[PDB]
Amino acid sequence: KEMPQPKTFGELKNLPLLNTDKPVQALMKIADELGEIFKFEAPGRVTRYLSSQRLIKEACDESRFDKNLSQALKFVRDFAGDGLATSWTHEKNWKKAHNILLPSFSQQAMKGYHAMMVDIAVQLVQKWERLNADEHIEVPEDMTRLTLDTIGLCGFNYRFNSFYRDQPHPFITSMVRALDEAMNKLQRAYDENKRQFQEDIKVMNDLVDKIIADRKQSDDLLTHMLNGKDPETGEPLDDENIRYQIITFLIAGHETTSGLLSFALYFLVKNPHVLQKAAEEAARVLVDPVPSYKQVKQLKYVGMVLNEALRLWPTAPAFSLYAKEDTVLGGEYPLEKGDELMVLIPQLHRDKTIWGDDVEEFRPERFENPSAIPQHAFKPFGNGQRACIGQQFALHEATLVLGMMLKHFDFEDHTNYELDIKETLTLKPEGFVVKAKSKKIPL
């Protein structure tokens, strides 16, 4: 009944615990010591970190809890505005944009994006085909090139041309630096940081606003946003919110997905039996020079590989909730209306009462039957109506790309890479490098 709490620093409470460059991993170690729930206090804030499926399944009851904006999301809101990811459920523009954008993110809508996804995927394969002997691949760097270009092209028919560049597009230079400022604000004379923050926002707004005005018909999210009408209110999105959605998609739909592909390839080369099984499926299914949409749907084991990578290292590692009314959590922890919760997704996914004792082992077979998995044990894309709208976009892209990678190359962990997980607002294996030996299969 009495809730554990990690060590405190006087008036700063638990806040200095987050003044570390791997805060999610630090919070995981605290959950290892304190268990399924612990209070976390900072000046002017109290929240509770949940780690067990037993409690999180209650937290996912939408009649009792709604999405809360974490401090990280509040800081992101300063440039993502009331886009889907940084708006409250009760804000008019959330449900409005939600209704308008849902059809453009369906499994059926992936059929229209598939050709543009293949466009970027082929560029990745050709880059690796064109490496010299003994050259190596910087995996998260190239995965980010792919996912950024894919969302730019599928999102608003814009080619960032990341595979033609060493220095990334000036838009994401500001975006990454804005996200870095948002995260660093958490861990805290700083007047220069404020001036820098506004300059990075202006870079993002101007480019996006230019593309909207330039456009104002293709098979991209922008067209759907300019012409879509909310069935409920009958209203279309206004131009300001449309810019926020584009910024949101550019943020929300590149770095989490590239982290997924990076972790997936990491786990594959660290588990050669799993890599072989996935590569055998890729050769068995991808019989054409270009994968088709239906083919990608047949890459079942590759899809399991991705889910298992999302289990161990979910690249959006937490989300926040608040109690809609007074309620009792787990029959032991009474909560008042407005009390806040954090779902520590990587710790949830290590709940031995759900996954067995081998939680740290990479076994895609865990996901052969979704019905064998208890409710709310696997939450890499969030929960309920506030779940990731881009889930099917992310999984189709990652399955297509990973399938093509496994079809066309053998991979070598030539440095015996030691996993080092860099933390921004997302997770990625820093410095992960491999060598790819081409199988000489043409495109």
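Residue positions are given as counts along the sequence shown, with the first one as 1.
In this entry, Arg188 is separated from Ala189 by 4 to 9 residues of the deposited sequence that have no coordinates. Counting the unmodelled positions of the deposited sequence between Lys216 and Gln217 gives a gap of 4 to 9 residues.
Looking at 61 to 69 and 407 to 415 together, the entry lists the larger mean B-factor for 407 to 415, computed on C-alpha atoms. The stretch 329 to 337 shows the higher mean C-alpha B-factor when 329 to 337 is compared against 87 to 95 in the entry. Listed residues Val434, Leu12, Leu17, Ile421 were ranked by CA B-factor as deposited; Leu12 comes out on top.
Out of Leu101, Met143, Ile137, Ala252, the entry records its largest CA B-factor for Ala252. Compared with the other modelled residues of the chain, the Cα B-factor recorded for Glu33 ranks in the highest third. In the PDB entry, a CA B factor belonging to the highest third of its chain's modelled residues is recorded for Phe171. For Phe79, the recorded CA B-factor ranks within the highest third of the chain. Only modelled residues enter the ranking. When all modelled residues of the chain are sorted by CA temperature factor, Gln196 is found within the highest third. When the modelled residues of the chain are ordered by their C-alpha B factor, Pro370 lands in the middle third.
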